[PDB]
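Cβ: placed from backbone, ideal geometry, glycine included. Neighbour counts: every protein chain shown. Derivation of every value follows stated rules applied to the coordinates shown; laboratory data play no part.
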Number of protein chains: 2
Amino acid sequence: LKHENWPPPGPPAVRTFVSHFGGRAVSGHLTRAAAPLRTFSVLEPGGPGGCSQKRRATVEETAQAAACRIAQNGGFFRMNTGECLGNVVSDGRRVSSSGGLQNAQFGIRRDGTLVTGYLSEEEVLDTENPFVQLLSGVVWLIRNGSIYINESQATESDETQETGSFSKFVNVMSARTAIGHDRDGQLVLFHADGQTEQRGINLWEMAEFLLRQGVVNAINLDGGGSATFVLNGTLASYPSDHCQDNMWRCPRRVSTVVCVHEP
Amino acid sequence: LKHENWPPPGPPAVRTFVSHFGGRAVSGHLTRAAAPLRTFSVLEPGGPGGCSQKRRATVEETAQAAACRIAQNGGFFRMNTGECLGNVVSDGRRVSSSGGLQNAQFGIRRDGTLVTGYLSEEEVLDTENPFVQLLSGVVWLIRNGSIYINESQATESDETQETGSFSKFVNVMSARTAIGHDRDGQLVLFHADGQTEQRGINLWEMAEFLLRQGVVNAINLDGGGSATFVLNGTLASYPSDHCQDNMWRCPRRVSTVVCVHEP
Ligand SMILES: O=P(O)(O)OC[C@H]1O[C@H](O)[C@@H](O)[C@@H](O)[C@@H]1O
Ligand SMILES: O=P(O)(O)OC[C@H]1O[C@H](O)[C@@H](O)[C@@H](O)[C@@H]1O
Ligand SMILES: CC(=O)N[C@@H]1[C@@H](O)[C@H](O)[C@@H](CO)O[C@@H]1O
Ligand SMILES: CC(=O)N[C@@H]1[C@@H](O)[C@H](O)[C@@H](CO)O[C@@H]1O
């Protein structure tokens, strides 16, 4: 009712793009990975226990301990405290709660079922077919093959992102990332390089792009300076944050990470 | 007095930028590596013997065989035949000739002397202090701390690059790459993502950027679709060529490669 369940039924395919959104050229990658139950992980910052310690680490640091073939930044977090925000299940271990808020979620149950959308506390704690991986974003981009941004603005909590108003967060140009799946049950990761209010895409544009790629459900993960794409442990994107006291670009220390590893 | 000699004076510094050239945001990397006599190699495509066999291989393929920490596409080539163009010396092995043409060159001799500029056949074939690495480009960007593109346009042969007229090659927007060195004798590698006549920079813009980073000599290497940046064997740039029959971007099979590796 409030979420989509996809029953469960080959190295990941990493695609590089430079595409035009509203006339602007935006670079990024689309990753497609089969057998998510075997290859998909949600990782805590700096290894197990990171969310409890409120640790912040770069996607590179977190991914290299896990030997991820493809890693991207994960959920939203409080920059000043390192608190993980939203429900998180990391390799069977629940390490973050929604705190009453309703936000877009994506995860996989123990039998391989992919779940996307708004989950109650009871659904998250279900011991029957428990979640093995789960994280929260902000805005349910695609529901059952249709854009669901209008509905997200109407119903989703707006206490997690710090970009500004919900409308600005939805419509501003920025770096963006998203997670979802296609109709064959393959995991889909997306990222686009950008910089808030300067370069990149908004959520309407990302949702259209993903529908073209066959995505049937997907949520928006952390963007802006948090957006990071790490390929075999190497940074392969252009972060927007500047390094300290110079104008070079530097990857942000973030919280949870989404990982695709070998089965 | 047609070339410059720089006497021999930590891991390499890899920096990411997104920088603005006339209001266009251009992304790329600047690499700086010490002790080039021990850490810098020019590689033949695929493996040793690539030039004699007219091999074309991606920078990734060529670099994974050499264990490069940083790799970029090298000199110019003929796409239809795979012929290596210009003088090439790869770890002491001479594998390509100038054919009488005059083009910007960059090399290091056995004692560590860094050499940039125009070289006679006698200088290339010298055996007293022989070249251990050497490759040729098109346009001498910076000579002893001053831009030298006007002089290069005045003197360099124009039979190697296939972009079009000399003026277009210099002034057109595109993906670009460059090799040079700073006054501490360190190797500098530069690349900017782009697409000929759509995105990127021209040679004047790249030359101005390199001067601000302390580059005292540099030449222009193969740009356009050839431009590739590979870090620890993983592609970390956005090539402009499309893959066969789809919207995704694919690295180009190129010729010689410039490599920074362990000493
Ligand atoms: O991640 P974004 O969208 O680029 O925002 C990053 C910026 O947000 C606000 O301006 C501040 O909190 C700054 O710390 C930061 O420069
Ligand atoms: O490396 P570049 O600059 O992108 O050039 C690639 C292009 O060169 C030529 O002009 C044409 O044959 C094009 O069809 C080709 O795609
Ligand atoms: C465009 C975008 O998503 N920016 C996000 C912001 O919303 C979020 O509050 C913060 C920490 O999670 O990271 C980034 O700044
Ligand atoms: C703008 C630019 O660098 N273009 C080059 C072209 O000049 C060269 O002829 C070809 C093969 O080396 O590769 C790229 O297309």
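Using a simple spin-label model with pseudo-atoms 7 Å out from Cα toward Cβ, B:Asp158 and A:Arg93 lie 6.6 nm apart. With its label point defined 7 Å out from Cα along the Cα-to-Cβ axis, B:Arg78 lies at 6.7 nm from the matching points of the other copies, in increasing order. Working note: Karplus 6.51/-1.76/1.60 with θ = phi - 60° gives region B:43-60 the couplings 10, 7, x, x, x, x, x, x, 5, 5, 8, 6, 6, 10, 8, 5, 4, 4 Hz, where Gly and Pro are set to x. For region A:3-260, the spread of Cα positions along the three principal axes, ordered from largest to smallest, is 51, 39, 38 Å.
Please identify the trypsin sites (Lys or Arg not before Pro) of region A:153-184 that satisfy two criteria: DSSP loop assignment and at most 14 other Cβ atoms within 10 Å. Which are they?
Sites meeting the loop and neighbour criteria: A:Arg183.
Along region A:204-216 the Karplus relation, 6.51 cos²θ - 1.76 cosθ + 1.60 evaluated at θ = phi - 60°, assigns HN-Hα couplings of 4, 5, 5, 5, 5, 3, 5, 4, 4, 7, x, 6, 9 Hz to successive residues, with x for each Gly and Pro.
Note on region A:179-206 and region B:146-181: Cα centroid distance 37 Å, given to the nearest whole angstrom.
Helix content alone sets the calculated 222 nm mean residue ellipticity of chain A: runs of n ≥ 4 DSSP H residues at -39500 (n - 2.57) each, divided across all residues, give -4000 deg cm²/dmol.
Distances between equivalent label points of A:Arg93 across the copies, with each point positioned 7 Å along Cα→Cβ, amount to 5.0 nm, shortest listed first.
Computed on the Cα trace of the protein assembly as shown, the radius of gyration divided by the Kirkwood hydrodynamic radius gives Rg/Rh = 1.03. For A:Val216, the residues whose modelled amide H falls within less than 5 Å of its own, excluding neighbours fewer than 5 places apart on the same chain, are A:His181, A:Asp182, A:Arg183.
Sorted from closest to farthest, the other copies place their B:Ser120 label points 8.9 nm away, with each point set 7 Å from Cα along Cα→Cβ. A simple spin-label model places the labels of B:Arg110 and A:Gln198 5.0 nm from each other, with each point 7 Å out along Cα-to-Cβ. Could you state the number of Å between the C-alpha centres of region B:25-65 and region A:1-60? Comparing the Cα centres of region A:1-60 and region B:25-65, I get a distance of 31 Å. Restricting the calculation to Cα atoms, region A:129-263 shows an Rg/Rh of 0.96 when the hydrodynamic-style radius is the Kirkwood one. Here region A:3-119 is treated as a Stokes sphere of Kirkwood radius computed over C-alpha pairs; at 4 °C and 1.567 mPa s its diffusion coefficient rounds to 80 µm²/s. Among B:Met247, B:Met206, the ranking by other beta carbons within 10 Å of each residue's beta carbon, starting with the fewest, stands as B:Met247, B:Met206. Exposure proxy ranking for A:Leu37, A:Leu43, based on other Cβ atoms within 10 angstrom of each Cβ and starting from the fewest, stands as A:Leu37, A:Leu43.
Listed by Cβ neighbour count within 10 Å, with the fewest neighbours leading, B:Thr228, A:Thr163 appear as A:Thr163, B:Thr228.
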